[PDB]
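Presented as structure tokens, the chain that follows is alone, the form deposited in one PDB entry.
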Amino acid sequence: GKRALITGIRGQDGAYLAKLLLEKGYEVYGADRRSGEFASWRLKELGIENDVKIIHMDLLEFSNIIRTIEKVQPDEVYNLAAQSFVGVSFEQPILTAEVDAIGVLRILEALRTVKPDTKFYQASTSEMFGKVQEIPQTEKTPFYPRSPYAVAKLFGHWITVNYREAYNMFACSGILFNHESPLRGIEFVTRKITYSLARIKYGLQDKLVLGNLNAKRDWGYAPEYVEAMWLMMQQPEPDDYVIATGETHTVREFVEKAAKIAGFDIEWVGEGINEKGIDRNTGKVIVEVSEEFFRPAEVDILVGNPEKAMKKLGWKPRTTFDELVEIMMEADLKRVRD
């Protein structure tokens, strides 16, 4: 059937998207920087590791990209590959830009000269809003990036927009708010929390060390968000969509709710760098704060309004935040048991 090429195929979103596209009767081709016996762990969990054709394509290598497009002749390209860690982007800003900004343009150029009727999805992000200029944020909210990651992703957004407008290419920018699942990488706050709490329960770790507990995020369920990616690519005309839950919670709340499911009754004492999460049952400190996990420039709050995606795509979130936290904690408890 339709051929899809998914960059970042072995990431959270690449895996769920591949599963969805396989169900829709696609041939799925994927490129990723993750190699080795455990790289396809996410595809293995979904039972699709035999059904995806992995090819070598690096966002930094224009000629490799050109060849890949020439060889695959994709009907749809989902650019999900990125250096996606915000904290690391301050340490490696140039590499971050080359992958997250210029790599988008390398794909667009390869498509323009090799197969211009190809549909293109760019994995944009609520991180682009940074120091939010409106609350809630919509497609019309002015951007204010606060990390090299966010600045590079903003280039990726605007270059996608420009190829759509200037070349009449079918190019969509998905402005997705934080979305999570049991496949979320442990580098990220939500999975860091559940993975750590599970290990703390089974005595494999002493404490959970975090940065900014006051940070507020709109957190959704990734399987639903990749559905949104597919849906916008099926519209007769290309456009950009905010995909979000419309609901915001602190990192603190995530920890409390997760920890409850893990059997800890958290109380907070102290303030700022000195704040601690204590299991009320035992008086033990479970959660601590370290300046190491704070970003040089922080993003205090994100909350999206996905009204446009409801009206044009019929997309709406289904999984509640409380459901999300359970899903994640339960999966990680099981993992640490096994």
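One-based numbering along the sequence shown. For the two forms, the rigid core is made up of the largest set of C-alpha atoms that agree within 1.5 Å on superposition. Shifts are known only where both forms have a C-alpha.
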Exercise. Taking only the CA atoms, which stretch has the higher mean B-factor in the record, 232-240 or 82-90?
Worked result: 232-240
Exercise. Which is higher on average in the deposited entry, the C-alpha temperature factors of 40-48 or of 64-72?
Worked result: 40-48
Problem set entry | C-alpha B-factor winner, where the candidates are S126, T245, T160, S196 | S196
For this session: Would you mind checking which of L204, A222, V251, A150 has the top Cα temperature factor in the PDB entry?
Result: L204
Problem set entry | Chain third (lowest, middle, highest) by recorded CA B-factor, residue given as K260 | highest
For this session: State the tercile, meaning the lowest, middle or highest third, of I266 with respect to the CA B-factors recorded for its chain.
Result: highest
For this session: Among all modelled residues of this chain, ranked by Cα B factor, put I200 in the bottom, middle or top third, i.e. lowest, middle or highest.
Result: highest
Exercise. Relative to the other modelled residues in the chain, which third contains the C-alpha temperature factor of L105: lowest, middle or highest?
Worked result: lowest
Problem set entry | CA B-factor placement of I175, once the chain's modelled residues are sorted into thirds | lowest
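Beyond the structure shown, there is the form deposited in another entry, which is absent from this document and is the topic of what follows.
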For this session: Kindly specify the one residue in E247, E109, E139, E253 whose Cα moves by 2 Å or more between this form and the one not shown, with superposition done on the rigid core.
Result: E253
Exercise. Just checking, between this form and the one not shown and with the core aligned, does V151 shift 2 Å or more at the CA?
Worked result: no
Exercise. Any CA movement of 2 Å or more for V269 between this form and the one not shown, core superposed?
Worked result: yes
Exercise. Once the two forms are fit on the core, has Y202 moved its CA by at least 2 Å between this form and the one not shown?
Worked result: yes
Exercise. Hey, quick one: aligning on the core, which runs of at least three residues have all their CA atoms off by 2 angstroms or more between this form and the one not shown?
Worked result: 192-215, 250-301
